[PDB]
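# Coordinate inspection notes
Residues per chain are reported as follows:
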Amino acid sequence: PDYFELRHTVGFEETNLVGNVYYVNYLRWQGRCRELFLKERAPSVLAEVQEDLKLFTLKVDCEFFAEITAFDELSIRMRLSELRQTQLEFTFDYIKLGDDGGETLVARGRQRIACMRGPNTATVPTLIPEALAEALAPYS
Amino acid sequence: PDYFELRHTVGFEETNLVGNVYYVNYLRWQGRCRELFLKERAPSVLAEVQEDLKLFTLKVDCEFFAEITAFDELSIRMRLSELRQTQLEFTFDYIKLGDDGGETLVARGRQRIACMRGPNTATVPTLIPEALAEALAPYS
Amino acid sequence: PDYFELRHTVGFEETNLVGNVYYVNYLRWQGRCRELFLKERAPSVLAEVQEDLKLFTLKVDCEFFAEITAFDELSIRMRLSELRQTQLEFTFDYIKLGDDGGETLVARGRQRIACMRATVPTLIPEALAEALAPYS
Amino acid sequence: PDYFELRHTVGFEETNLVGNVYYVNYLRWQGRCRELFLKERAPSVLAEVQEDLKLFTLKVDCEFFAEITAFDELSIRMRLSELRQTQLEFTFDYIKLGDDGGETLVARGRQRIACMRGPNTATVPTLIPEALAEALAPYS
């Protein structure tokens, strides 16, 4: 499809007092989708982050359209929004998989990431790694 | 004076493998500061949450200007940026407190909230509770 | 396999400052293993536990033997250690899968749950017991 | 008094859809109480662990006797149950603070920590740091 998919059933312990989901959990789901992409599409990046490659998070946000609860089936879909020189922006479509087959959008979020180089103290900008740029081809 | 403050030292477990802090943690702290203000300044609101009053987070965001490591002293400053009759927006300044007295803005977050009442099906908005609006006066 | 398996790869953000895994994450993985088991093996329980039934955790624990870091492949095996009329105990084996195919007992934990349904000490749901028959 | 206290109000987002508290949340609290202790009473330990010193958690557990919900006032009390030459055991008593001054033992958890030195494969038991042994003095 146009997106990278992360299937996730809403945990019983991922809800609040009034049955709704803690807004932080949505963002945890973003990281779980972003990291899963790097494990299956660009493992080359993963090893570089353990070295001197640092994927700085510039901005992350999320808007909530509908309230979800426990045991609701979700399809967190990631799409490449912007592709720049040393930066890139993702987009996360939180969709609820209804039993009938409906696909409603319960939330949407995006994440701005910059690529840097060198030690944590003295850093420098760097191009988006080739493997990562190629893996983001059908997901724009 | 201009803000409500949450004191926080960056945890040893809140720091990852390379010395960076997961952005999710910023939003966890942002959530704590939102409840500390309530439980202190407007405790009456919390009694209403268990009843009919519902607090809907419409949108959250956070921008990052610099990286931090464990044992960094943070001053999470919460101030009211936007005030409406049914909604409000909280701004969160993440001030990295220096040992010499310096103050470096390391991050900034925003949180749009909507005051709701009623059942799970038919939610209706409500005027911002008197005590909640009262406690927001010196933080405008 | 006499156990229920949950495959998990240690997240880059699940590690701490010195490159080790926060112990809280270990029990975080226990919940996901218990949840996943209930989902596939006894879906009737989940439909029962949300309105009246309550699976109350009496005791959780976890002892650690070795240390693991990011991207370490883990095979979390769950099995029924003790079965009773109102209570049941799970046991979780934390096995680090070597790059060649070797296996290492990194950690091991237990969870003690009492069935309740403001609550009433109730029988273990028959559907839950039948799904546990292999993993006894 | 005879323990290290961490006051904590049960969060609205820490409680699930049935009114109970996730058992994982209990352990983050005692881990927070542990880190806050090392932060306040023995900061030297927090710097040595970044080198060759290791605070290896041998075993951790927690027993639950009651049910708590949102906005409950808790008093987490950390004591020293056992101290060896290289090992130590903490005991966490979760005390629910009532409005009428009543106190109730809600839960109890413990944690065994082994002090070791050197790289992961060359790990060897080491004596408790003098800063830590001095910090555990008012628990004798």
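Residues numbered from 1 in each chain as written, not as in the entry; some residues may be left out. Chains lettered and ligands numbered in written order. Heavy atoms only, no water.

In the PDB archive, X-ray crystallography is given as the structure determination method for this entry, at a resolution of 2.784 Å.

## Observations regarding the overall build of chain A
For chain A, the helix and strand inventory stands at 3 helices and 6 strands. The linear arrangement of helices and strands in chain A, starting from the amino end, is β-α-α-β-β-β-β-β-α. Its C-alpha atoms give chain A principal-axis dimensions of about 50 × 30 × 20 Å. Burial analysis of chain A (140 residues in total) assigns 52% to the buried set. Of the contacts made within chain A by residues no fewer than 6 positions apart, 65% connect residues no fewer than 24 positions apart. Of the roughly 6200 Å² that chain A leaves accessible, carbon and sulfur atoms contribute 47%. (Helix = DSSP H or I, 4+ residues; strand = E, 2+ residues; numbered from the N terminus. Buried < 20%, exposed > 50% of the residue type's maximum accessible area, 1.4 Å probe, protein only. Contact = heavy atoms within 4.5 Å. Areas by Shrake-Rupley, 256 points an atom, 1.4 Å probe, with all protein chains shown as cover.)

## Things to note about the interface of chain D and chain C
Size of an interface, as often reported, equals the accessible area lost when the parts are brought together. With 27 residues of chain D at the contact, the number on the chain C side is 27 residues. Where chain D abuts chain C, roughly 2200 Å² becomes buried across the two surfaces, and 57% of that area is made up of carbon and sulfur atoms. When the area that chain D buries against chain C is broken down by residue, the three leading residues are D:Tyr23, D:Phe56 and D:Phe64, summing to 25%. The tally of links between chain D and chain C comes to 1 salt bridge. (Buried area = accessible area lost by both parts, 1.4 Å probe. Salt bridge = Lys/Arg side-chain N within 4 Å of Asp/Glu carboxyl O.)

## Remarks on the pattern of salt bridges
Here the structure, examined in full by the defined rule, presents 53 salt bridges over all chains. C:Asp2 serves as the salt-bridge partner of C:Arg79, at 3.9 Å between the closest nitrogen and oxygen. Here the residue C:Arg79 occupies a position in strand β3 (residues 73-83), and C:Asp2 occupies one in the segment before β1 (4-9), the gap between them amounting to 77 residues. Overall, the relative accessible area of 27% leaves C:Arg79 in the partly exposed class. A salt bridge links D:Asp52 to D:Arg117, with the nearest nitrogen and oxygen atoms 3.1 Å apart.

## Topic: the packing of aromatic side chains
Tallying each qualifying case throughout the model produces 36 aromatic pairs over all chains. Measuring from centroid to centroid gives 6.2 Å for C:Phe4 and C:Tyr135, while their planes differ by 70°, and the two rings are edge-to-face. Neither C:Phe4 nor C:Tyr135 differs from the other in exposure class; each is buried. For the pair D:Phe37 and D:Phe90, a centre-to-centre distance of 6.1 Å together with 70° between the ring planes defines the contact as edge-to-face. (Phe/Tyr/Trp six-rings, centres within 6.5 Å; stacked < 30°, edge-to-face > 60°.)

## Some thoughts on the packing of helix α1 (residues 23-41) of chain C against helix α1 (residues 23-41) of chain D
Two numbers describe how α1(C) lies on α1(D): the axes approach to 10 Å, and their chain directions differ by 180°. The orientation of α1(C) with respect to α1(D), classified from their angle, is roughly antiparallel. In contact with C:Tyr23, C:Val24, C:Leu27, C:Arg28, C:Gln30, C:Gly31 and C:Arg34 of α1(C), α1(D) contributes D:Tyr23, D:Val24, D:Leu27, D:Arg28, D:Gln30, D:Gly31 and D:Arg34. Split into classes, the residues belonging to the contact of α1(C) with α1(D) amount to 6 nonpolar, 4 polar and 4 charged. (Axes fitted to C-alpha atoms, helices over the stretch in contact; angles between N-to-C directions. Parallel < 35°, antiparallel > 145°, perpendicular 65-115°, else oblique. Nonpolar A, V, L, I, M, F, W, Y, C, P; charged D, E, K, R; others polar.)

## Here we look at the relation of the copies chain D and chain B
Mapping chain D onto chain B calls for a rotation angle of 178° and an axial translation of 0.7 Å; the resulting RMSD is 0.6 Å. The two molecules are tied by a two-fold rotation axis, judged by turn and shift. The rotation axis passes nearest to the C-alpha of D:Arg28 in chain D, at a distance of 6.4 Å. Looking at chain D, 87% of its interface residues are interface residues in chain B too, so the copies touch through the same face. (Least-squares fit on C-alpha atoms.)

## Quick word on α1(C)
If you check α1(C), its first and last C-alpha atoms are 28 Å apart, about what 19 residues at 1.5 Å a residue would give, namely 27 Å. The buried fraction of α1(C) amounts to 14 of the 19 residues, a majority that puts the element mostly inside the structure. (Expected span 1.5 Å × (residues − 1).)

## Notes on the interface of chain D and chain B
Across the contact, 15 residues belong to chain D and 14 residues belong to chain B. Interface area, chain D with chain B, both sides summed: about 1000 Å², of which 54% is carbon and sulfur. In this assembly, chain D and chain B are joined by 1 salt bridge. D:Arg34 serves as the salt-bridge partner of B:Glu13, at 3.9 Å between the closest nitrogen and oxygen. In terms of residues, the side of chain D that touches chain B owes the most to one element, α1(D), which gives 5 residues. Classifying every residue of the side of chain D that touches chain B by side-chain character gives 5 nonpolar, 3 polar and 7 charged.

## A closer look at the layout of surface pockets
Approximately 500 Å³ is the volume found for the second largest pocket. Contributing to the lining of the second largest pocket are 27 residues, with B:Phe12, B:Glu13, C:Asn16, C:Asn20 and D:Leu55 lying nearest its centre. At the level of secondary structure, the elements contributing two or more residues to the lining of the second largest pocket comprise α1 of chain C together with α1 and β2 (54-64) of chain D. A per-class count over the lining of the second largest pocket returns 15 nonpolar, 6 polar and 6 charged. (1 Å grid on protein atoms, 1.4 Å probe; cavity = no way out; pocket = protein on both sides within 12 Å on 5 of 7 lines; lining within 4 Å. Points joined across faces, edges and corners; volume = space filled by probe spheres on them.)

## What about the pairing of β3(C)?
Residue and element names in this part refer to chain C. The pairing of β1 with β3 spans 6 bridges and is antiparallel. Within β3, the position partnered with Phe 4 by the bridge is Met 78. Taken together, the 9 bridges between β3 and strand β4 (residues 87-97) define a ladder with antiparallel strand orientation. Each bridged residue has a counterpart across the sheet, and for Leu 74 the counterpart in β4 is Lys 96. Hairpin connection of β3 to β4: 3 residues between the antiparallel strands. (Pairing = 2+ DSSP bridges.)

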